[PDB]
Amino acid sequence: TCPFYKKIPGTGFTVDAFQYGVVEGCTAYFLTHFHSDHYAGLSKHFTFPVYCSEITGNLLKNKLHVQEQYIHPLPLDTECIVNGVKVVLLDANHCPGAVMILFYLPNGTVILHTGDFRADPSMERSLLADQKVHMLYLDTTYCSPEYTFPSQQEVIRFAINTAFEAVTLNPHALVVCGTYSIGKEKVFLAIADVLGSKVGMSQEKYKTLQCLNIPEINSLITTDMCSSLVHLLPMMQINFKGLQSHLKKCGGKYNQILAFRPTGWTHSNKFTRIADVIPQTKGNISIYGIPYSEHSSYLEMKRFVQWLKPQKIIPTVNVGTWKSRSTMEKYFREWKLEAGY
Ligand code: NI
C-alpha cells in the first residue's frame with residue numbers, strides 16, 4: 001500500500017508511486033526521474049496519465065515501452081495547469097531529466113517535492129525565490145555531518161589528470177568506466193575528451209544515452225569497441241576477475257587497464273583528500289574508486305533548507321527505522337533554531 005509521504009493532500013496526485021497497483025483516488029501520477037527505485041511498476045501495460053520531464057518521457061517510451069498517449073511531458077521553469085492545479089518543474093541537479101515539483105494547492109498552500117537532488121546555491125535564483133513554501137518533501141540521503149565529499153568539478157579534474165598521465169606514459173593502456181543507471185555521465189565523457197577517443201559501449205547502453213538530448217552526442221559515443229580506448233562496462237564487472245576477462249577480448253591491442261568505479265560516499269572520505277587517493281593494483285590492472293555524488297552533502301542540504309525556511313519538513317529517504325527518523329528531526333530542529341525560522 002502507498003505510503004503517506006508519496007501522497008499530495010487536497011489533490012488527485014502521487015509522486016513516484018508506481019509499485020502499489022491502482023492507488024485509490026489518483027487521477028495523475030508524477031515521476032521525478034528514471035531510476036529503478038522510483039519507476040518500479042511501470043511497463044507497456046500502464047494506462048493512467050504520467051507527468052514528467054521531456055528526457056524522462058523519452059526513456060519511458062523507448063526503454064519501458066509505455067504508450068505515447070499516457071506520457072505527458074512538461075517543460076522546466078514554466079507554470080502549467082494540470083487537473084485544475086498549477087505546477088512547475090525545476091531541475092534537481094541529480095541525473096539527466098531529474099526534476100523537483102512545486103505544487104500550488106487550491107486552498108493557498110504551497111508544496112515542494114525535491115525528488116532526488118544535489119542542492120546548489122544556483123537553486124536560490126529559481127522560481128523558488130518569489131514565494132513561501134509550507135511543506136518540503138526532502139531527499140535526506142546524506143543527512144548527517146560525517147557525510148562530506150568534494151565537488152563534482154574536483155573529482156573530474158582528478159580523473160582527467162589520472163587518465164592523461166597513464167596513457168601518455170603508456171600508449172598501449174586501456175581505460176574502463178563502470179555504470180549501472182543513468183547519471184554521472186560526465187566521468188566517462190571528460191576522460192574520452194582529453195584522450196581524443198569516443199566512448200565504447202553495448203547497444204542497450206547506447207540506446208539509453210540516445211534518449212538524453214546531449215549536444216553533439218553522436219560525435220562522443222559508439223558501439224564499435226575496437227575503435228575506442230575508453231570502454232564502459234556494467235559496474236559488477238569492475239573487479240580483477242572481470243577486467244582480466246575483458247582484456248582477453250581485446251586481442252593484444254592493450255597491455256594495461258586503468259579502471260574507475262564511481263561510488264557515492266565511502267568511509268575513506270573521513271581521512272583522505274581527493275588529491276591523495278590511490279588505486280587497488282593487481283599486475284597490469286588498477287582500479288580507482290572515486291566519490292562522485294549526485295546527492296546533496298550535509299552542508300549543501302543544510303544551506304538550502306535554511307534559505308528556504310519551510311514551515312514543515314517530510315523526509316523521503318532513510319525513513320524505514322526509528323533511529324534514522326529520530327536523528328533527522330534533531331538536525332531539522334538545530335537548523336531551525338540556528339536560522340530563527
Ligand atoms: Ni535517484
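Throughout, read-outs are computed from the coordinates displayed, never taken from laboratory work. Positions of Cβ are generated from backbone atoms using ideal geometry, with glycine treated the same way; all protein chains shown enter the neighbour counts.
Observations on the model:
- Cα-based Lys pair tally, the stretch 234-341, threshold under 29 Å, eight or more apart or on separate chains: 22
- Value at 222 nm in deg cm²/dmol, rounded to 500, when DSSP H runs of n ≥ 4 in the chain each add -39,500 (n - 2.57): -8000 deg cm²/dmol
- Ranked by how many other Cβ atoms sit within 10 Å of their own Cβ, fewest first, the residues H65, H72, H113, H267 fall in the order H267, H65, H72, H113.
- Listed by Cβ neighbour count within 10 Å, with the fewest neighbours leading, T114, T272 appear as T272, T114.
- Inter-part distance where the stretch 60-86 and the stretch 160-191 are each reduced to a Cα centre, Å: 35 Å
- Taken over the alpha carbons of the stretch 148-295 as equal point scatterers, the Debye sum produces base-10 log I(q)/I(0) values at 0.12, 0.14, 0.19 Å⁻¹ of -0.47, -0.65, -1.24.
- Checking every one of the trypsin sites (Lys or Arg not before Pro) in the stretch 188-283 against DSSP loop status and a limit of 16 other Cβ atoms within 10 Å picks out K249, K253, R273.
- Kirkwood-based shape ratio for the stretch 16-69, expressed as Rg/Rh from alpha carbons: 0.91
- Packing-based exposure ordering (other Cβ within 10 Å, fewest first) of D91, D276: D276, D91
- Of the DSSP H helices in the chain, those whose Cα atoms cover at least 27 Å axially and whose Kyte score averages 1.0 or more: none
- Between the beta carbons of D224 and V194, assuming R0 = 35 Å, the FRET efficiency works out to 0.95 to the nearest 0.05.
- The GluC sites (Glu not before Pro) of the stretch 163-257 that meet both conditions, a loop assignment by DSSP and at most 11 other Cβ atoms within 10 Å of the site Cβ, are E216.
- Cα-Cα separations in the chain greater than 31 Å, expressed as whole percent: 40 percent
- Relative contact order, whole percent, for the chain stands at 17, derived from Cα pairs under 8 Å and 6 or more residues apart.
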